[PDB]
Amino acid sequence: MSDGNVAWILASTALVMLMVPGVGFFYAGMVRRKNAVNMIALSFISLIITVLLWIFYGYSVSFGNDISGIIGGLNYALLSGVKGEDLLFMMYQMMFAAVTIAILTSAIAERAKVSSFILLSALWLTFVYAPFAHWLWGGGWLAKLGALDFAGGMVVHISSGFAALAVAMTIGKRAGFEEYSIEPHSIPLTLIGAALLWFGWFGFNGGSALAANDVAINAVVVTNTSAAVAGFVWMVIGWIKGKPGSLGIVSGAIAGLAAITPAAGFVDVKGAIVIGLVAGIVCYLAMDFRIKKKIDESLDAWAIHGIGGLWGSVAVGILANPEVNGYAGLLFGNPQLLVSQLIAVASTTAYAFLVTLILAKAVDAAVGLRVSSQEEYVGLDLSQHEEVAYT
């Protein structure tokens, strides 16, 4: 119970929900005007399909009775037997799933069939997210190995980042991706999405303590810290490479946010500083590398969330401070934690990429992921929604 604790998590749940459309705007501003509605619409659909699957069985498969430590049962299907605290928990977690699917839409920007997205999205929820959530937070085998993930560096960031990479590769580059660079139609729209993501992350990392306590407070402090540091890094890089674009600055902060998520509740401020410092560097390099290889993993869910989540989940095993939340990492005389994290990160990264790959091809073969080239031409707002963003 604890009224303050329910108050805070009630709030945190509202805050994470906001992050879903928040992703839609963040992404929409980066795509062409002819796909603006589609990019946002996608985040909204993600929310809708997630709520339904989560209640239906998604929540159960994640936190229901464990089987072979890799998945939960159906004892909670249609929330059968979920009450009081569990209901709030079920809800808070529901929102984590939704955001994950939204981040994912990075890989299909400007060229996917909504129906295929819904289909692939529902399957990914079932065979990738639910499993991960269970492995780490539902008493799964990874939790058993002693792995940790405070707010979802793996469950959310690694999964979407790598799943997005696989999907990007499966669906193929956007027409002209190579010959010409696509221009953002509304940076301000993206910045509005960015502001909503920073604001909502308070509930994300800070709500992960499941109580208005000291852990949450620490999570909030380090979360803002890692974010500022990584934002500063991309600002210096941008300057060093020419001019400090705003897109670079917010993408830098987001990298810092993703990296700190798995560790928000275990590390101290100084650790938050290195986590963010490194995240800015690696994610940026990751972005350049993915770009160099000509992969159209469009809005860098991979380079930023995939990579940012990976480093952070690992950094947890290095910097976990017993002083902060009991746990300790290598730096604090505990080699084991690092091993558990390495194992965890290894498994989750490989699974997310390979299984997503399978799923994409499966759906692609079964129904086809991409829209016709002419639809891609006139834009998905018109072709997939029969709508027009602006007039």
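Throughout, we count residues from 1 along the sequence that is shown.
- Across the two stretches, 37-45 and 54-62, the PDB entry reports the greater mean Cα temperature factor for 54-62.
- The mean C-alpha temperature factor is higher for 175-183 when 175-183 and 305-313 are set side by side.
- Of the candidates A194, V114, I217, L87, it is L87 whose Cα B-factor is highest according to the PDB record.
- Compared with the other modelled residues of the chain, the Cα B-factor recorded for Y76 ranks in the highest third.
- The entry lists a Cα temperature factor for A28 that places it in the lowest third of the chain's modelled residues.
- The entry lists a Cα temperature factor for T126 that places it in the highest third of the chain's modelled residues.
- In the deposited entry, the Cα temperature factor of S373 sits in the top third of values across the chain's modelled residues.
- Looking at the C-alpha B-factors along this chain, the one for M94 belongs to the lowest third.
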